[PDB]
Every structure is written in C-alpha cells, then in structure tokens.
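In structure tokens, one chain follows: the form deposited in one PDB entry.
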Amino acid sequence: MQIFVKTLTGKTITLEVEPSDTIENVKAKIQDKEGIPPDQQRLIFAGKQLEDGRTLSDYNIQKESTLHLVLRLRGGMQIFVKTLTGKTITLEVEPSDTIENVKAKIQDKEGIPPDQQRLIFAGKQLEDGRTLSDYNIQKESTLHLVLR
C-alpha cells in the first residue's frame, strides 16, 4: 500500500504503509521522512480525526488515498534556553532529542551555528551525541546558551 499525505500548504509526500499499520505508526513514518514529531501531528481522512491506536483499515483507507496532515502549534514537551543577554527561547523537544538536535533547533530559530553553541545544564556543558533524557532534562527545564 502506497499513500499520499498533504497539508493546507502545497506540501505533499508519499508513504510506504500496510493496511494493518496504526495511525501512530503512520505518524512515526512521517517523523522519519519529514522530521515532524508525532505529538505535533493531527491526521485527517473524510473530515474526521484519526485516533493513534486504530489501523488504516478501520477508516477504510486504500492505496492512492490522500491523508490530510494538520500541524499543531506545539507538542507535549518544551524546554527554555536562556542567553547571556537575558533572552529566552522555547523549543519544542522530545526526551529522545540529542544535544545536536537541540542545537539545530536553536539554529532554526536564532541563526546561530551549532558549533558556536555551548549548552549548559546544572553547571555541566552538554555533549552533542547524548540525549536530553541522558541528562535528566525535564519538561520546562532551563538550559543556558553561551556562545564560543
């Protein structure tokens, strides 16, 4: 089975699925191809909202069908990043985000290259290959950004 996913913008993509695939798996597939976290995705078919636990068969979705993706304004987990100049930015993150993923999000918002960013939490500079969960960085934790 091969399916289209389309937003309210001109954006459309194609996914490799099976009729047994749950909507949550479809969201994981969208994350893999597109970088959109599942908790920021709402999938729609025939004007109704598809529940994460149901299969594609439960909504009578066939191959060459078009699912509609509406992006949320936020996910479940935010962290705050404070600069030396007293500016705060908030990032939409997941606990599985790596420190390099977080730095890329900061580059997205503020234009600062990742190699010039030092992130600090609880007095420790954070290593690029580790995740937020590795440092026990919780929802609404504040990291400190210092520039090289």
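Just count from 1 along the sequence shown to find any residue number.
There is also a form deposited in another entry; it is not shown, and the following applies to it.
Of the residues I36, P114, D108, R74, the one at the hinge where one rigid part turns against the other between this form and the one not shown is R74. A decrease of at least 3 Å in the separation of the C-alpha atoms of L73 and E94 is found in the other entry, compared with the displayed form. The Cα-Cα distance between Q41 and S133 is shortened by 3 Å or more in the other entry relative to the form shown here.
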